[PDB]
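Undergrad: Dropping in run00.cif, which is mmCIF, C-alpha atoms:
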data_target
#
loop_
_atom_site.label_atom_id
_atom_site.label_comp_id
_atom_site.auth_asym_id
_atom_site.auth_seq_id
_atom_site.Cartn_x
_atom_site.Cartn_y
_atom_site.Cartn_z
CA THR M 28 0.00 0.00 0.00
CA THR M 29 1.54 3.34 -1.10
CA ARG M 30 2.34 5.77 1.72
CA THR M 31 -0.46 8.31 1.86
CA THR M 32 1.17 11.70 1.24
CA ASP M 33 -0.40 14.43 3.38
CA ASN M 34 1.43 17.74 3.47
CA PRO M 35 1.31 19.45 6.89
CA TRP M 36 2.46 22.82 5.47
CA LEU M 37 -0.96 23.18 3.83
CA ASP M 38 -2.48 23.78 7.28
CA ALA M 39 0.40 26.02 8.50
CA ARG M 40 -1.16 29.31 7.46
CA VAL M 41 -1.06 32.17 7.43
CA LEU M 42 2.66 32.41 8.24
CA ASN M 43 4.55 35.59 9.13
CA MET M 44 8.09 34.48 8.23
CA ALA M 45 10.42 37.39 9.02
CA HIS M 46 12.70 37.89 6.02
CA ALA M 47 16.25 37.70 7.43
CA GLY M 48 14.57 38.77 10.66
CA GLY M 49 12.93 41.71 8.89
CA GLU M 50 15.72 43.63 7.18
CA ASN M 51 13.87 47.01 7.32
CA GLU M 52 13.01 46.91 11.07
CA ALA M 53 16.21 45.28 12.41
CA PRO M 54 19.75 44.41 11.25
CA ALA M 55 19.35 41.46 8.90
CA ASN M 56 20.44 37.93 9.81
CA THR M 57 21.26 38.66 13.47
CA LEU M 58 20.01 36.93 16.61
CA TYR M 59 18.60 40.28 17.69
CA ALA M 60 16.48 40.52 14.52
CA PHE M 61 15.33 36.91 14.92
CA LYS M 62 14.45 37.21 18.63
CA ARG M 63 12.72 40.54 18.03
CA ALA M 64 10.63 39.10 15.20
CA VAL M 65 9.37 36.05 17.12
CA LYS M 66 8.36 38.18 20.12
CA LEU M 67 6.49 40.52 17.83
CA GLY M 68 4.61 37.54 16.38
CA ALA M 69 6.64 35.88 13.63
CA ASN M 70 5.62 32.22 13.19
CA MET M 71 8.79 31.28 11.34
CA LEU M 72 12.22 32.63 10.50
CA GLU M 73 13.74 32.98 7.04
CA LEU M 74 17.54 33.09 6.96
CA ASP M 75 20.50 32.61 4.56
CA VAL M 76 23.63 30.48 4.98
CA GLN M 77 27.26 30.63 3.81
CA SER M 78 30.35 28.79 5.09
CA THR M 79 33.59 30.16 6.58
CA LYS M 80 37.13 29.12 5.66
CA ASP M 81 37.00 26.62 8.53
CA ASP M 82 33.63 25.26 7.34
CA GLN M 83 31.21 26.76 9.83
CA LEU M 84 27.77 27.67 8.58
CA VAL M 85 27.06 31.33 9.33
CA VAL M 86 23.87 33.33 8.83
CA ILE M 87 24.53 35.99 6.17
CA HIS M 88 23.00 36.80 2.74
CA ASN M 89 25.87 38.07 0.52
CA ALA M 90 29.15 36.31 -0.23
CA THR M 91 31.16 39.23 1.22
CA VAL M 92 30.80 40.85 4.66
CA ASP M 93 31.15 44.35 3.14
CA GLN M 94 27.53 45.48 2.93
CA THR M 95 26.35 44.55 6.43
CA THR M 96 29.46 44.95 8.63
CA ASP M 97 32.52 47.08 9.41
CA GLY M 98 34.78 44.54 7.69
CA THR M 99 35.69 43.44 4.20
CA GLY M 100 36.32 40.26 2.22
CA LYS M 101 34.51 37.03 1.44
CA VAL M 102 32.99 34.69 4.04
CA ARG M 103 34.77 31.67 2.53
CA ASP M 104 38.13 33.39 3.13
CA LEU M 105 37.46 34.22 6.79
CA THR M 106 37.51 31.97 9.83
CA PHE M 107 34.46 31.95 12.06
CA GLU M 108 36.44 33.91 14.66
CA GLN M 109 37.20 36.73 12.17
CA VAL M 110 33.58 36.80 11.00
CA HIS M 111 32.11 36.87 14.51
CA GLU M 112 34.01 39.93 15.72
CA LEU M 113 32.45 42.16 13.04
CA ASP M 114 29.59 44.61 13.70
CA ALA M 115 26.61 43.18 11.79
CA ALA M 116 24.51 46.33 12.31
CA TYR M 117 27.26 48.61 11.04
CA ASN M 118 25.31 49.78 8.02
CA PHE M 119 21.72 49.23 9.15
CA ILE M 120 19.21 52.02 8.48
CA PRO M 121 15.53 51.47 9.36
CA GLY M 122 13.45 51.36 6.21
CA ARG M 123 16.45 50.61 3.98
CA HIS M 124 18.30 47.38 5.02
CA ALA M 125 22.08 48.07 4.85
CA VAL M 126 23.44 51.14 3.04
CA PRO M 127 27.16 51.91 3.40
CA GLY M 128 28.58 55.38 2.97
CA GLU M 129 26.28 57.64 5.02
CA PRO M 130 27.15 59.96 7.94
CA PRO M 131 27.61 58.02 11.23
CA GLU M 132 24.36 59.47 12.64
CA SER M 133 22.35 57.45 10.09
CA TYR M 134 22.92 54.18 11.92
CA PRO M 135 21.01 53.75 15.19
CA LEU M 136 22.58 50.41 16.16
CA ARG M 137 26.12 50.75 14.80
CA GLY M 138 28.49 50.06 17.70
CA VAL M 139 26.26 47.91 19.90
CA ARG M 140 28.22 44.82 18.87
CA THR M 141 31.64 46.28 19.70
CA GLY M 142 30.59 47.96 22.98
CA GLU M 143 30.40 51.66 21.98
CA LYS M 144 26.58 51.80 22.34
CA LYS M 145 24.46 50.09 24.90
CA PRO M 146 22.26 47.26 23.55
CA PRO M 147 18.48 47.52 23.64
CA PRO M 148 17.23 46.17 26.98
CA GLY M 149 17.35 42.39 27.30
CA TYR M 150 19.91 41.77 24.52
CA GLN M 151 23.65 41.30 24.50
CA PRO M 152 26.40 42.59 22.16
CA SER M 153 26.76 39.14 20.54
CA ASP M 154 23.13 39.46 19.35
CA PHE M 155 24.45 42.02 16.84
CA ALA M 156 27.16 39.83 15.30
CA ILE M 157 27.06 37.34 12.42
CA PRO M 158 25.76 34.17 14.10
CA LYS M 159 26.54 30.51 13.64
CA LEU M 160 23.56 28.62 12.22
CA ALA M 161 24.13 26.19 15.12
CA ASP M 162 23.54 29.09 17.53
CA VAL M 163 20.30 30.06 15.76
CA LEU M 164 19.08 26.46 15.98
CA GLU M 165 20.06 26.34 19.66
CA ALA M 166 18.27 29.65 20.24
CA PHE M 167 15.06 28.55 18.44
CA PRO M 168 14.35 24.90 19.34
CA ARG M 169 10.57 25.11 18.88
CA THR M 170 10.45 27.56 15.95
CA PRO M 171 10.40 26.54 12.28
CA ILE M 172 13.14 27.96 10.02
CA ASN M 173 13.40 28.39 6.23
CA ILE M 174 17.08 28.11 5.28
CA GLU M 175 18.41 29.27 1.92
CA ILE M 176 21.71 27.85 0.69
CA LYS M 177 23.80 30.68 -0.74
CA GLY M 178 27.00 30.64 -2.78
CA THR M 179 30.07 32.71 -3.61
CA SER M 180 29.00 33.82 -7.09
CA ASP M 181 26.36 32.80 -9.61
CA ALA M 182 29.09 30.95 -11.53
CA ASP M 183 30.68 29.12 -8.55
CA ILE M 184 28.40 26.09 -8.37
CA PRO M 185 30.67 23.98 -6.09
CA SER M 186 30.39 26.59 -3.31
CA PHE M 187 26.64 25.97 -3.34
CA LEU M 188 27.30 22.22 -3.27
CA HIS M 189 29.82 22.66 -0.45
CA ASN M 190 27.27 24.60 1.60
CA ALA M 191 24.48 22.11 0.86
CA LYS M 192 26.69 19.27 2.13
CA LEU M 193 27.51 21.07 5.40
CA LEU M 194 23.87 22.04 5.90
CA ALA M 195 22.61 18.44 5.64
CA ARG M 196 25.25 17.15 8.07
CA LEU M 197 24.33 19.77 10.67
CA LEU M 198 20.56 19.52 10.20
CA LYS M 199 20.66 15.72 10.42
CA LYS M 200 22.19 15.73 13.91
CA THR M 201 19.43 17.98 15.29
CA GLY M 202 16.78 15.34 14.78
CA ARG M 203 14.41 18.11 13.68
CA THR M 204 12.39 18.24 10.48
CA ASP M 205 10.50 21.51 11.10
CA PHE M 206 12.58 23.20 8.37
CA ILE M 207 12.15 24.01 4.71
CA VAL M 208 15.50 24.05 2.89
CA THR M 209 15.93 25.67 -0.52
CA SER M 210 18.44 27.37 -2.81
CA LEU M 211 18.36 29.42 -5.98
CA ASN M 212 20.67 26.75 -7.41
CA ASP M 213 18.80 23.57 -8.35
CA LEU M 214 21.71 21.11 -7.99
CA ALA M 215 22.35 22.20 -4.38
CA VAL M 216 18.75 21.35 -3.49
CA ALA M 217 19.12 17.88 -5.01
CA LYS M 218 22.40 17.37 -3.15
CA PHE M 219 20.83 18.46 0.15
CA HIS M 220 17.84 16.19 -0.44
CA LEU M 221 20.11 13.22 -1.15
CA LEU M 222 22.07 13.65 2.08
CA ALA M 223 19.04 14.54 4.26
CA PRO M 224 15.92 12.95 2.72
CA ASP M 225 13.67 13.71 5.74
CA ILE M 226 14.00 17.52 5.65
CA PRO M 227 11.26 19.29 3.63
CA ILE M 228 12.53 21.27 0.62
CA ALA M 229 11.39 23.90 -1.88
CA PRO M 230 12.68 23.94 -5.47
CA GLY M 231 15.26 26.20 -7.03
CA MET M 232 14.99 28.30 -10.16
CA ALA M 233 14.62 25.70 -12.94
CA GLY M 234 12.24 23.78 -10.70
CA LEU M 235 10.09 26.87 -10.24
CA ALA M 236 10.26 27.76 -13.93
CA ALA M 237 9.38 24.22 -15.03
CA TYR M 238 6.31 24.12 -12.76
CA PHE M 239 5.18 27.68 -13.35
CA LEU M 240 5.54 27.65 -17.14
CA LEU M 241 5.09 23.96 -18.09
CA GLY M 242 3.21 22.34 -15.22
CA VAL M 243 6.09 19.95 -14.49
CA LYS M 244 5.90 19.05 -10.81
CA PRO M 245 8.93 19.75 -8.58
CA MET M 246 11.42 17.27 -7.13
CA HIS M 247 10.26 14.62 -4.68
CA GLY M 248 10.24 16.08 -1.18
CA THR M 249 8.87 19.53 -2.09
CA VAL M 250 6.32 20.82 0.45
CA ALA M 251 6.05 24.39 -0.89
CA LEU M 252 6.84 26.72 -3.77
CA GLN M 253 8.73 29.78 -2.53
CA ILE M 254 8.27 32.62 -5.00
CA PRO M 255 8.76 36.34 -5.58
CA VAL M 256 5.76 38.53 -6.29
CA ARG M 257 7.12 39.29 -9.80
CA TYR M 258 9.91 37.88 -11.94
CA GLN M 259 11.04 39.33 -15.28
CA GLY M 260 8.06 41.66 -15.52
CA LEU M 261 5.62 38.77 -15.02
CA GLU M 262 3.36 38.43 -11.99
CA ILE M 263 3.94 35.13 -10.16
CA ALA M 264 2.00 35.40 -6.86
CA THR M 265 -1.36 35.46 -8.63
CA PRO M 266 -4.50 33.83 -7.19
CA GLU M 267 -4.62 31.45 -10.19
CA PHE M 268 -1.11 30.09 -9.72
CA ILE M 269 -1.63 29.63 -5.99
CA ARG M 270 -4.95 27.85 -6.49
CA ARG M 271 -3.27 25.40 -8.90
CA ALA M 272 -0.34 24.86 -6.50
CA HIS M 273 -2.74 24.03 -3.64
CA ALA M 274 -4.62 21.65 -5.96
CA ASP M 275 -1.29 19.87 -6.53
CA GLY M 276 -0.64 19.66 -2.78
CA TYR M 277 2.03 22.34 -2.38
CA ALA M 278 1.91 25.32 -0.08
CA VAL M 279 3.07 28.73 -1.39
CA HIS M 280 5.34 31.24 0.35
CA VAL M 281 5.83 34.74 -1.11
CA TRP M 282 8.79 37.12 -0.69
CA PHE M 283 9.33 40.68 -1.82
CA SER M 284 12.98 41.83 -1.87
CA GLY M 285 12.58 44.54 -4.53
CA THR M 286 10.32 42.65 -6.95
CA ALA M 287 7.38 44.48 -5.33
CA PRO M 288 7.00 47.03 -2.50
CA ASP M 289 7.17 45.93 1.15
CA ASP M 290 4.03 47.86 2.13
CA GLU M 291 0.48 47.42 3.47
CA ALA M 292 -1.24 47.40 0.07
CA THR M 293 1.09 44.69 -1.20
CA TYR M 294 0.94 42.54 1.95
CA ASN M 295 -2.88 42.71 1.87
CA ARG M 296 -3.02 41.67 -1.81
CA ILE M 297 -0.77 38.63 -1.28
CA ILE M 298 -2.81 37.62 1.78
CA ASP M 299 -5.93 37.99 -0.42
CA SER M 300 -4.36 35.75 -3.10
CA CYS M 301 -4.37 32.80 -0.62
CA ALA M 302 -0.61 32.44 -0.06
CA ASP M 303 0.22 30.35 3.00
CA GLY M 304 2.95 32.67 4.17
CA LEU M 305 4.59 36.01 3.45
CA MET M 306 8.27 36.82 4.07
CA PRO M 307 7.99 40.50 5.03
CA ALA M 308 10.80 42.97 5.49
CA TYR M 309 8.40 44.55 8.06
CA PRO M 310 7.34 41.63 10.30
CA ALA M 311 5.78 43.89 12.95
CA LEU M 312 3.78 45.66 10.23
CA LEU M 313 2.58 42.35 8.77
CA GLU M 314 1.66 41.22 12.27
CA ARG M 315 -0.45 44.35 12.79
CA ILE M 316 -2.19 43.63 9.48
CA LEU M 317 -2.90 39.95 10.24
CA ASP M 318 -4.28 40.85 13.68
CA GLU M 319 -6.67 43.62 12.67
CA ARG M 320 -8.12 41.52 9.83
CA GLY M 321 -8.13 38.59 12.29
CA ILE M 322 -6.62 36.28 9.69
CA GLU M 323 -6.33 32.57 10.55
CA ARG M 324 -2.96 31.45 11.92
CA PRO M 325 -1.40 28.09 12.86
CA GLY M 326 -3.32 26.89 15.91
CA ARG M 327 -5.57 29.98 15.95
CA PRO M 328 -8.57 29.64 13.64
CA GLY M 329 -10.04 32.76 12.15
CA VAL M 330 -10.85 34.50 8.91
CA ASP M 331 -9.97 32.72 5.69
CA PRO M 332 -9.01 35.41 3.14
CA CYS M 333 -10.09 33.22 0.24
#
Could I get this file's structure written as structure tokens?

TA:
Amino acid sequence: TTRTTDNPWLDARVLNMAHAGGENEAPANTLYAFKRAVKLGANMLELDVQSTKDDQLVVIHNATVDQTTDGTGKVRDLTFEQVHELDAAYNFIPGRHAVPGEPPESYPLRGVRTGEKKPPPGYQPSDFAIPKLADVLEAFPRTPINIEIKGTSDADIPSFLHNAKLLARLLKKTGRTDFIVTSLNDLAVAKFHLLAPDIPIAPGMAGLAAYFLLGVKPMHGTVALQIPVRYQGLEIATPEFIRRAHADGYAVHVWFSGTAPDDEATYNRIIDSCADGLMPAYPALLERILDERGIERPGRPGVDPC
């Protein structure tokens, strides 16, 4: 008798999954941002992973530390100890993620990490550094996490494969499966899924394109399609596409990141289009929206926006 396939992520809605913690309300990919977001109501974290010269997975978006810290160089060239001393709020400006090159007054949390400014109450300086993935897992034992495998450059496929291999090894020892793992690079997803078959995954680019354009279903193990609002001038997070994805048994998670505005009108439209989660840059704002409309949430029934 074939294993009945029932996808639990289809009842995990609606999800507020803080994008990198919420890169417009807090310094991205820091424990501070993550802890802040969950207290303000985030159901799930979205984070990015790279590996250091000594093969530690760290939580950072870009391949270089230059945009988000007071340092310079690539993550792959730095040991975890060199990465962890940097100020990961160095360039943070509310409403604008990380923008280097402004007057020092622009940056309300620059210097908390290195001891020049006092941390917000109840946090420590280390909350404003680049964290080990292992420390994020240890800090969030009962919180789901969406983990995106990053690389060194679009052309450096092995660095994706290297990171996918490390990620599976570390995730497998936790015993947890309340993750969704994905990558823009399709091979890395297949490599992760080979080494850790029990962790839920979402497809990469060619997998999304194949399903969105041709109807070809994604790789075995996919529990959700994780999509931008728009890609190459075409609208992706439409009600039609999400209704078809639910009919095929996948949940849908929508992110913004410049393909559409992070604002109340856009959040409300994507909620209206039946998506199972949004990845806001403004997690407190999305939480205010979900509450006042009384939208249904995991373990809290309510309004269905469909």

Undergrad: Expand the PyMOL selection byres ((chain M and resi 121) around 6) into the individual residues it matches in the shown file, reporting them as a PyMOL selection string.

TA: chain M and resi 51-52+120+122-123

Undergrad: Got a sec to resolve the PyMOL selection byres ((chain M and resi 104) around 12) on this structure and send the residues as a PyMOL selection string?

TA: chain M and resi 77-83+90-92+99-103+105-110+179

Undergrad: For atom CA of residue 221 of chain M and atom CA of residue 244 of chain M, determine how far apart the two atoms are, in Å to one decimal place.

TA: 18.1 Å

Undergrad: Let me make sure I understand: among M:222, M:281, M:41, M:69, which one has the smallest atom-to-atom distance to residue 330 of chain M if we use all atoms listed in the file?

TA: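 Going through M:222, M:281, M:41, M:69 one by one, the smallest distance to residue 330 of chain M is for M:41.
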
Undergrad: Evaluate the PyMOL selection byres ((chain M and resi 203) around 12) here and jot the selected residues down as a PyMOL selection string.

TA: chain M and resi 164-165+167-172+195+197-202+204-207+223+225-227

Undergrad: Quick one: everything within 9 Å of residue 67 of chain M, counting only C-alpha atoms, minus sequence neighbours fewer than 5 positions away in the same chain. Send it as an MDAnalysis selection string.

TA: chainID M and resid 62 310:311 314

Undergrad: So that I can see what lies close to residue 118 of chain M, please list as a list in words the residues with an atom at most 7 Å from it, counting only C-alpha atoms and leaving out residues fewer than 6 positions away in the same chain.

TA: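 These residues fall inside the cut-off: residues 95, 96, 125, 126, 127, 134 and 137 of chain M.
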
Undergrad: When you draw a straight line from atom CA of residue 291 of chain M to atom CA of residue 155 of chain M, how long is it in Å?

TA: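 Computed distance, atom CA of residue 291 of chain M to atom CA of residue 155 of chain M, equals 28.0 Å.
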
Undergrad: For atom CA of residue 156 of chain M and atom CA of residue 142 of chain M, quote the distance in Å rounded to one decimal.

TA: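 Atom-to-atom, atom CA of residue 156 of chain M to atom CA of residue 142 of chain M, that is 11.7 Å.
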
Undergrad: Write out as a ChimeraX atom specification each polymer residue whose atoms come within 12 Å of residue 143 of chain M, counting only C-alpha atoms; drop sequence neighbours fewer than 4 positions from it.

TA: /M:114,117,135-139,152

Undergrad: Counting all atoms listed in the file, which of M:307, M:158, M:260, M:332 gets nearest to residue 85 of chain M?

TA: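 Answer, going by the shortest atom-to-atom distance: M:158.
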
Undergrad: Skipping near chain neighbours, those fewer than 2 positions away, what residues fall within 10 Å of residue 174 of chain M using only C-alpha atoms, listed as a list in words?

TA: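 Non-adjacent residues within range: residues 47, 72, 73, 74, 75, 76, 86, 160, 171, 172, 176, 177, 194, 206, 207, 208, 209, 210 and 228 of chain M.
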
Undergrad: Mind checking which residues fall within 8 Å of residue 178 of chain M, counting all atoms listed in the file, ignoring those fewer than 2 positions away in the same chain, and posting them as a VMD selection string?

TA: chain M and resid 77 90 176 180 to 181 183 to 184 186 to 187 190

Undergrad: Taking (23.8, 22.8, -2.9) in the coordinates of the supplied file, I want to know which residues reach to within 7 Å of it, counting all atoms listed in the file; could you give the answer as a list in words?

TA: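 Every polymer residue passing the test: residues 176, 187, 188, 189, 190, 191, 192, 212, 214, 215, 216, 218 and 219 of chain M.
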
Undergrad: Go through segment 201-312 of chain M residue by residue and, counting only C-alpha atoms, keep those with an atom at most 7 Å from segment 33-40 of chain M; for each kept residue give the shortest atom pair and its distance in Å to one decimal, ordered by chain and increasing number, as CSV.

TA:
residue,atom,partner,partner_atom,distance
M:250,CA,M:34,CA,6.5
M:276,CA,M:34,CA,6.9
M:277,CA,M:37,CA,6.9
M:278,CA,M:37,CA,5.3
M:303,CA,M:40,CA,4.8
M:304,CA,M:40,CA,6.2

Undergrad: Would you save the residues from that selection as a compact mmCIF listing (two decimals), keeping the file's coordinate frame, using C-alpha atoms?

TA:
# COMPACT_ATOMS: atom_id res chain seq x y z
CA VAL M 250 6.32 20.82 0.45
CA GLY M 276 -0.64 19.66 -2.78
CA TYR M 277 2.03 22.34 -2.38
CA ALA M 278 1.91 25.32 -0.08
CA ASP M 303 0.22 30.35 3.00
CA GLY M 304 2.95 32.67 4.17

Undergrad: Have a look at M:151, M:94, M:141, M:249 and name the one nearest to residue 128 of chain M; count all atoms listed in the file.

TA: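 Closest to residue 128 of chain M of all the choices is M:94.
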